[PDB]
Amino acid sequence: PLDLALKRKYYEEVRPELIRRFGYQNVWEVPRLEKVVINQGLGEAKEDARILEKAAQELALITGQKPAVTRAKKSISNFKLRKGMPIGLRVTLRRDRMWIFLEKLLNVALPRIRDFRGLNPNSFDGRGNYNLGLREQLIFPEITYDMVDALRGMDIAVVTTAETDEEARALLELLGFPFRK
Amino acid sequence: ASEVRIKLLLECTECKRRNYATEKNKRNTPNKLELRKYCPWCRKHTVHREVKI
Amino acid sequence: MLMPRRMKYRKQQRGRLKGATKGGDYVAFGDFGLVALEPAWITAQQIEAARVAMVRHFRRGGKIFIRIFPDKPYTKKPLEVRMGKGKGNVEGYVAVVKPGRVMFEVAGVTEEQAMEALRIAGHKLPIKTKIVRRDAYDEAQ
Amino acid sequence: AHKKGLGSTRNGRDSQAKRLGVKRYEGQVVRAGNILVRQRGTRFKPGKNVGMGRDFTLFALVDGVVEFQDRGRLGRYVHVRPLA
Amino acid sequence: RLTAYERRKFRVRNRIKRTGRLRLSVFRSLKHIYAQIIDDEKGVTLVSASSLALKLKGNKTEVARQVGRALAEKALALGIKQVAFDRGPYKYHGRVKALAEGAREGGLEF
RNA sequence: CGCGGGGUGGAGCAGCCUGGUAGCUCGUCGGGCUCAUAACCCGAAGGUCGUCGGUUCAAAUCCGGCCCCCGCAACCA
RNA sequence: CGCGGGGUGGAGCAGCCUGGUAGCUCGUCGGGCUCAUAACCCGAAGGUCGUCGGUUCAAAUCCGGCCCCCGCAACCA
RNA sequence: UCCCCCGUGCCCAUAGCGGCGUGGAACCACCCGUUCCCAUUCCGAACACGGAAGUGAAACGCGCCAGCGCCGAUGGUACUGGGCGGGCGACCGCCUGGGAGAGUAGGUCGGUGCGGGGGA
RNA sequence: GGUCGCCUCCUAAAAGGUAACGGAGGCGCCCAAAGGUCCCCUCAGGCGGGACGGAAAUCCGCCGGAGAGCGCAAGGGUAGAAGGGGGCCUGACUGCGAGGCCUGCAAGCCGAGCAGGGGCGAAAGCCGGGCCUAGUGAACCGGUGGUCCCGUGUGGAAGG
RNA sequence: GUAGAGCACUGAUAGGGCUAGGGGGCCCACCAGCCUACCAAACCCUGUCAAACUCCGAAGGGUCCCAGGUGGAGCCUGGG
Ligand SMILES: CN(CC[C@H](N)CC(=O)N[C@H]1C=C[C@H](n2ccc(N)nc2=O)O[C@@H]1C(=O)O)C(=N)N
Ligand SMILES: [Mg+2]
Ligand SMILES: [Mg+2]
Ligand SMILES: [Mg+2]
Ligand SMILES: [Mg+2]
Ligand SMILES: [Mg+2]
Ligand SMILES: [Mg+2]
Ligand SMILES: [Mg+2]
Ligand SMILES: [Mg+2]
Ligand SMILES: [Mg+2]
Ligand SMILES: [Mg+2]
Ligand SMILES: [Mg+2]
Ligand SMILES: [Mg+2]
Ligand SMILES: [Mg+2]
Ligand SMILES: [Mg+2]
Ligand SMILES: [Mg+2]
Ligand SMILES: [Mg+2]
Ligand SMILES: [Mg+2]
Ligand SMILES: [Mg+2]
Ligand SMILES: [Mg+2]
Ligand SMILES: [Mg+2]
Ligand SMILES: [Mg+2]
Ligand SMILES: [Mg+2]
Ligand SMILES: [Mg+2]
Ligand SMILES: [Mg+2]
Ligand SMILES: [Mg+2]
Ligand SMILES: [Mg+2]
Ligand SMILES: [Mg+2]
Ligand SMILES: [Mg+2]
Ligand SMILES: [Mg+2]
Ligand SMILES: [Mg+2]
Ligand SMILES: [Mg+2]
Ligand SMILES: [Mg+2]
Ligand SMILES: [Mg+2]
Ligand SMILES: [Mg+2]
Ligand SMILES: [Mg+2]
Ligand SMILES: [Mg+2]
Ligand SMILES: [Mg+2]
Ligand SMILES: [Mg+2]
Ligand SMILES: [Mg+2]
Ligand SMILES: [Mg+2]
Ligand SMILES: [Mg+2]
Ligand SMILES: [Mg+2]
Ligand SMILES: [Mg+2]
Ligand SMILES: [Mg+2]
Ligand SMILES: [Mg+2]
Ligand SMILES: [Mg+2]
Ligand SMILES: [Mg+2]
Ligand SMILES: [Mg+2]
Ligand SMILES: [Mg+2]
Ligand SMILES: [Mg+2]
Ligand SMILES: [Mg+2]
Ligand SMILES: [Mg+2]
Ligand SMILES: [Mg+2]
Ligand SMILES: [Mg+2]
Ligand SMILES: [Mg+2]
Ligand SMILES: [Mg+2]
Ligand SMILES: [Mg+2]
Ligand SMILES: [Mg+2]
Ligand SMILES: [Mg+2]
Ligand SMILES: [Mg+2]
Ligand SMILES: [Mg+2]
Ligand SMILES: [Mg+2]
Ligand SMILES: [Mg+2]
Ligand SMILES: [Mg+2]
Ligand SMILES: [Mg+2]
Ligand SMILES: [Mg+2]
Ligand SMILES: [Mg+2]
Ligand SMILES: [Mg+2]
Ligand SMILES: [Mg+2]
Ligand SMILES: [Mg+2]
Ligand SMILES: [Zn+2]
């Protein structure tokens, strides 16, 4: 709905340096970010933690959306889990909550991670787009020591029109992402 | 159908007389099986509840 | 001994052996071969005695191809019991050969060294047999 | 002189006959109500004027001949085509 | 493999094509909205009001409303009455919805 | 082969019925007392449970094939 | 199904015909003693007194009975 | 009546998998937005709605190839209703009628009926 | 010793049916949601992808027609749902039943449609329990609740 | 849905190709490189087997319609 600092960043700076490399013969063939699916993917909320909520409202006040409880695919023995047990926290940041979130990761949250050292670049899938994992949560700007209780890393997935892995590299690299080498 | 699964008849709470015939697990729903149903001696739907068969 | 290493069913029915084989009536691996002239079941006992026979013929050398596998349960009632009270327990394992089916092939072996070889292995068998060499009819097949 | 430790079969059990299958045939006059096919799961599909019972029975809804149709990947059907 | 769209078509379509009644097949475009009337037993169309033929405009759901009023009169001339509304993959709300209650304005039974 | 019961830390026994649940005794290794050894006092160590399939979310436990311990039979008129 | 009685600490039970205390040995910790495993001995954590709804001025001892174990009884087409 | 298009039926993959292309004035789609109706175990993704700036990239459409899948003969054979003879047997042969499965040659990148909206 | 009723499959010879102390398995339950409806949705699995995190917890991607699922045995069926989720619900109706399936009898089984009265749905329509095929017991004797039909001269009662 | 026949599914299956982990030196990995006349999953090509396997599939057999068929035929109701 809105207009923000990375949304225009992707606008007049990124679209050209992309037609730079691959020289797209059409307005749309050019990459662009669609979905952003954050995944705390608990399982720490087994047959116990009803307090999975005070860890997922934190997920709300850092993503802006309520996260939807993903349950069990089936029942699992050594994992201590029954088909139906809550074990996931999926929030799909789509459209203009994506840019509002993605910039706040890159400019403020990404650097505040302890001993930052690039981004693992092989972790690109190939057939399409990209995603890679965390370690914590309070590194995110919205919180600190007393507000955050238990520690909880989280997964984060990009879904772009990057048909090819190479052109994905460029899209994110230019968009503000620091890589390992 | 067993110890656990008791049988039960549906009372009509307008006149207290019996009406229907079915079963119910007395474990997971130890309550009273209360369901709207029909009456020939009333020709109108009403309230019904488990009287011990 | 050539037993099925896993089994779908325990005992299995008899079934008559009408007619010629269903496949493998043309050599396909070795140079020469042994074939059925008459239908039988062949025991793993028999099969292994033919193999061991040839193997001992060209002691040290040669390669043996054997194109039938004991997949049928040869059941049998224990000693001195009357009829009924179930089916026999499975006593052996046999393979169904019909006339034409190829059983033993050899390669890396002289002419008569595979004649005498596939001769004796014929003798450890309950049936009349013919030895035939690979031919174009087999290549065209 | 005879029997010894005679093995008892664990089986020898069996089901009833279900007398299933097709009961009326194409180009066979039927009236409304008739059963055209008994089965366990639509090997045959409920055509025009052909209904299906709580066990997948297939019964005629109106009179006049039954008629079989085979729509390949879609399914085998039977309909009744009314009188004249 | 089939689409959510593709499955949902048959799902409600078949629910109706086996009612024997004249099926009124609709189509929701982002542009405008039309609908014909098909006797699937043969396969022929009975009549076909629209918004490209009637070439109207002025709010989608009010021109969805109108096209049905066309259908109503233009079908009732051919003694049509047995109406079974094929609602397509679309629901029964707003656009396609108004077409119905508009088709009802004329005298069409459904 | 027919039925019956059994197979779990080294020895002997519970545990199975009602699945997720491994205990008792001895002994064993470490330490104490003792001149020293036992006694006794302080600690710990030690079983995928016959064997294999398999049911279930999952098996000492439920189920079936086979190996083995033991108990009655295999009537021979 | 109907007559008999209670379902008390973790494991047993006296509180109880006549309500007043949120009850005693075993078990368990610490302690004096023991050479010790022990008896003795001083302090202790444990009641939502089967629950629910009551009788009052509160109840665990008085009730409607839910409950579902022990007890006896009789019937079983 | 010929053609393209949209909405659809029908034969049942010769239709399909894939790669190669081309189609936007039309019509279809993506696309614009969240105000309204409506809407998400989160998200206007989807369903919804108000739109018409962009486009034919995606999807879909028409088409091209035969790598895949698919269909696939003729000939012969196995088998067999019926009629005969043959072997201790396991089983084998002849007559007459019927006659496959595989495999071979080859075919296939669809075929159409109803209405509507464009072209001449 | 084993068996005895029921269901699935095979034997069973391409209709139905068919024996044997033939070969293999299950049933004596379960579900107020696992049911009715309306709306909506789509598997197993494999590969790449990713904090904890795994051969397999959850999230992302591309390939998948059905090998998943459908309470539990097996076969048939089945995603154009019969399977997964949500809203309202209680047709797990009362009075019937044209016509048939099976069949020695008796039982078993399918059901359009009509009437009363409701459920969901905009409506067309769907609901007389569950994807079907087991989850069972004739008659006699009695219990309980109703009805108020008989009631030993007669009004009641007893009994039926 | 049988004889046949075929592995397309359910399982068996001989070889070879290719390839997990196991096995095993090279290393002596604290771990990598592993090489394979070892075992051998999926997977591939050759070659097969199956009452309870089926992409297939006969001859036939059922059943209705229509025609021949007058036969110690057929049908309904009753006695034995
Ligand atoms: C030992 N006896 C004999 C009883 C008889 N009247 C006489 C006799 O010898 N009967 C025997 C006859 C044979 C019978 N038998 C044996 C084996 C068999 N397979 N079937 C049989 O019937 O077993 C009987 C048996 O010994 O009791 C008594 N105590 N009465
Ligand atoms: Mg380029
Ligand atoms: Mg670092
Ligand atoms: Mg004798
Ligand atoms: Mg059967
Ligand atoms: Mg035993
Ligand atoms: Mg032992
Ligand atoms: Mg003991
Ligand atoms: Mg056991
Ligand atoms: Mg245990
Ligand atoms: Mg001490
Ligand atoms: Mg065991
Ligand atoms: Mg004896
Ligand atoms: Mg007492
Ligand atoms: Mg008092
Ligand atoms: Mg001392
Ligand atoms: Mg007594
Ligand atoms: Mg009793
Ligand atoms: Mg269409
Ligand atoms: Mg293009
Ligand atoms: Mg333009
Ligand atoms: Mg392009
Ligand atoms: Mg396409
Ligand atoms: Mg064209
Ligand atoms: Mg054309
Ligand atoms: Mg053309
Ligand atoms: Mg053409
Ligand atoms: Mg060409
Ligand atoms: Mg070609
Ligand atoms: Mg070509
Ligand atoms: Mg062919
Ligand atoms: Mg004959
Ligand atoms: Mg003869
Ligand atoms: Mg021919
Ligand atoms: Mg012939
Ligand atoms: Mg024209
Ligand atoms: Mg003109
Ligand atoms: Mg006996
Ligand atoms: Mg019949
Ligand atoms: Mg019998
Ligand atoms: Mg794989
Ligand atoms: Mg992985
Ligand atoms: Mg990871
Ligand atoms: Mg990792
Ligand atoms: Mg993973
Ligand atoms: Mg099942
Ligand atoms: Mg079968
Ligand atoms: Mg199957
Ligand atoms: Mg549903
Ligand atoms: Mg649900
Ligand atoms: Mg509503
Ligand atoms: Mg009747
Ligand atoms: Mg009748
Ligand atoms: Mg009805
Ligand atoms: Mg109605
Ligand atoms: Mg059932
Ligand atoms: Mg009474
Ligand atoms: Mg009277
Ligand atoms: Mg009087
Ligand atoms: Mg009375
Ligand atoms: Mg091999
Ligand atoms: Mg191999
Ligand atoms: Mg080998
Ligand atoms: Mg290699
Ligand atoms: Mg067969
Ligand atoms: Mg064919
Ligand atoms: Mg034919
Ligand atoms: Mg006469
Ligand atoms: Mg008469
Ligand atoms: Mg008469
Ligand atoms: Mg009479
Ligand atoms: Zn009433």
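Residues numbered from 1 in each chain as written, not as in the entry; some residues may be left out. Chains lettered and ligands numbered in written order. Part of a larger assembly, values for the part shown. Heavy atoms only, no water. Residues with missing side-chain atoms left out of burial classes, pairs and counts.

### What to know about the overall build of chain D
To keep it simple, the criterion reads: Numbering of helices and strands runs from the N terminus; a helix is a DSSP stretch of H or I covering at least four residues, while a strand is a stretch of E covering at least two. We call two residues in contact when some of their heavy atoms are within 4.5 Å. All accessible-area figures derive from a Shrake-Rupley calculation using a 1.4 Å probe, and residue coverage is judged against the displayed protein chains alone. Counted charges follow a simple rule, with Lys and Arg positive, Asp and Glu negative, and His plus the chain ends left uncounted. Just so you know, the charge point we use is NZ for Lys, CZ for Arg, CG for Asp and CD for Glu.
A count of helical and extended segments in chain D gives 0 helices and 7 strands. Here the C-alpha coordinates of chain D stretch approximately 80 × 30 × 25 Å along the principal axes. Sequence-distant contacts in chain D: of pairs separated by 6 or more residues, those separated by 24 or more amount to 41%. Surface exposure of chain D reaches about 6300 Å², of which carbon and sulfur atoms provide 48%. Distance from the positive charge centre (19 side chains) to the negative charge centre (6 side chains) of chain D: 11 Å.

### Let's talk about the protein's contact with RNA strand J
Residue and element names in this part refer to chain C. Counted only if it meets this: Throughout, near means a residue has at least one heavy atom within 4 Å of the molecule or strand. The definition of a polar contact used here is a pair of N or O atoms within 3.5 Å, where within protein one atom must be able to donate a hydrogen and the other to accept one, and adjacent residues in sequence count solely through side-chain atom pairs. When residue character is reported, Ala, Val, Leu, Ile, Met, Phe, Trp, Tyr, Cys and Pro are called nonpolar, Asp, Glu, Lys and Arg charged, and the others, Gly included, polar.
Residues in contact with RNA strand J amount to 22 residues; listed here are only the nearest, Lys-22, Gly-24, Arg-67, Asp-71 and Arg-101. Within 4 Å of the protein, the contacting atoms of RNA strand J are 68% sugar and phosphate, with bases supplying the remainder. Here a base nitrogen of RNA strand J sits 3.3 Å away from a polar atom, N or O, in the side chain of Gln-13. Between RNA strand J and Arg-67 there is a distance of 2.4 Å, counted from a sugar or linking oxygen to a side-chain nitrogen or oxygen. Among the residues forming the surface near RNA strand J, the class breakdown is 7 nonpolar, 6 polar and 9 charged.

### Some words on the sheet that holds strand β3 (residues 63-66) of chain C
Residues and elements named next belong to chain C. Our working definition: In this description, strands pair whenever DSSP reports at least two bridges between them. All axes here are fitted lines through C-alpha atoms, helices being fitted over the stretch that makes contact, and every angle between N-to-C directions spans 0 to 180 degrees.
Taken in spatial order, the 4 strands make up an open sheet running β3-β6-β1-β7, and their pairing is antiparallel. The sheet terminates laterally at β3 and β7 (129-131), the two strands that pair on one side only. When strand polarity is set aside, the average angle formed by the axes of neighbouring strands in this sheet is 15 degrees. With 3 bridges connecting them, strand β1 (residues 32-36) and β7 associate as antiparallel partners. In the strand pairing of β7, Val-35 is matched with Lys-130. This element, helix α1 (residues 44-55), spans β3 and β6 (102-107) of the sheet and lies at about 160 degrees to β3. Contacts from helix α2 (residues 115-123) reach β1, β6 and β7 within the one sheet, and its direction differs from that of β1 by about 20 degrees.

### A closer look at the layout of surface pockets
To keep things clear, this is the line we draw: Throughout, the protein atoms alone are placed on a 1 Å grid, and a set of points is a cavity if a 1.4 Å probe fits but cannot get out or a pocket if it is open with protein on both sides within 12 Å along at least five of seven lines; lining residues have an atom within 4 Å of a point. Grid points are joined across faces, edges and corners, and a volume is the space filled by probe spheres set on the points.
In this structure, the largest pocket occupies an estimated 910 Å³ of space. Contributing to the lining of the largest pocket are 22 residues, with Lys48(D), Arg71(D), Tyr77(D), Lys17(E) and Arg18(E) lying nearest its centre. When residues of the lining of the largest pocket are traced back to their parent elements, those giving at least two are β3 (45-46), β6 (66-71) and β7 (75-80) of chain D together with α1 (4-17) of chain E. Top element by residues in the lining of the largest pocket is α1(E). It accounts for 4 residues.

### A few points about empty space enclosed by the protein
Residue and element names in this part refer to chain C. Taken as a whole, the largest cavity spans an internal volume of roughly 70 Å³. Along the walls of the largest cavity sit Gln-12, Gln-13, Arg-14, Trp-41, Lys-72, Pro-73, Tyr-74, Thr-75, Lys-87 and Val-94, which together make up its complete lining. For the lining of the largest cavity, a count of residues per class yields 4 nonpolar, 3 polar and 3 charged.

### As for the packing of aromatic side chains
Two numbers describe a pair of aromatic rings. These are the distance of the centres and the angle of the planes. Let me state the cut-off plainly: By convention, a stacked pair of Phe, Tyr or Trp rings (six-membered ring in the case of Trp) has centres within 6.5 Å and planes under 30 degrees apart, an edge-to-face pair has planes over 60 apart, and any other such pair is tilted. Each residue is placed in one exposure class: buried if its accessible area under a 1.4 Å probe, protein chains only, is under 20% of its type's maximum, exposed if it is over 50%, and partly exposed if it falls in between. Definition used: whenever NZ (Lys) or CZ (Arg) falls within 6 Å of the ring centre and also within 35 degrees of the ring normal, the charge is taken to sit over that ring.
Scanning the entire structure with this criterion turns up 11 aromatic pairs over all chains. Note on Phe124(A) and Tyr130(A): the rings are 3.8 Å apart at their centroids and 5 degrees apart in plane angle, and the pair reads as stacked. Here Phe124(A) falls in the buried class, since its relative accessible area comes to 5%. A connected cluster of aromatic rings, assembled from ring pairs, spans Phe124(A), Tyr130(A) and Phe179(A). Above the plane of the ring of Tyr20(B) lies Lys37(B), whose end atom (NZ or CZ) is 5.1 Å from the centre.

### Brief notes about the packing of helix α2 (residues 60-76) of chain E against helix α3 (residues 95-106) of chain E
Residues and elements named next belong to chain E. As a reminder of what qualifies: Crossing chirality is assigned from the near helix's rotation relative to the far helix, an anticlockwise turn below a right angle marking it left-handed and a clockwise turn marking it right-handed.
For the pair α2 and α3, the least separation of the axes is 7 Å and the interaxial angle reads 35 degrees. When the axes of α2 and α3 are compared, the crossing they make is right-handed. Between α2 and α3, the residues in contact are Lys-60, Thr-61, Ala-64, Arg-65, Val-67, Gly-68, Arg-69, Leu-71, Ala-72 and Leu-76 and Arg-95, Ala-98, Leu-99, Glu-101, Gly-102, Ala-103, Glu-105 and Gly-106, respectively. Among the residues making up the contact of α2 with α3, the classes are represented as 8 nonpolar, 4 polar and 6 charged.

### Some details on the nonpolar core
Rule in force here: What we call a nonpolar core is a set of buried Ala, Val, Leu, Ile, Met, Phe, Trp, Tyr and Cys residues that are connected through their side-chain atoms within 4.5 Å.
Within the largest apolar cluster, 44 residues are counted, with the highest numbers of intra-cluster contacts made by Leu33(A), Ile38(A), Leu105(A), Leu172(A), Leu175(A) and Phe177(A). At the level of elements, α1 (7-21), β1 (33-39), β3 (88-94), α3 (98-109), β5 (155-160) and α4 (165-175) of chain A are the ones that each hand at least two residues to this core. Per-element accounting of this core gives the leading share, 7 residues, to α3(A). The contact partners of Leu172(A), leaving out residues within four places of it in the chain, are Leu33(A), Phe124(A), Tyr130(A), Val158(A), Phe177(A) and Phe179(A). Among the nonpolar cores identified, the runner-up in size contains 24 residues, and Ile33(E), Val67(E), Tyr90(E) and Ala100(E) belong to it.

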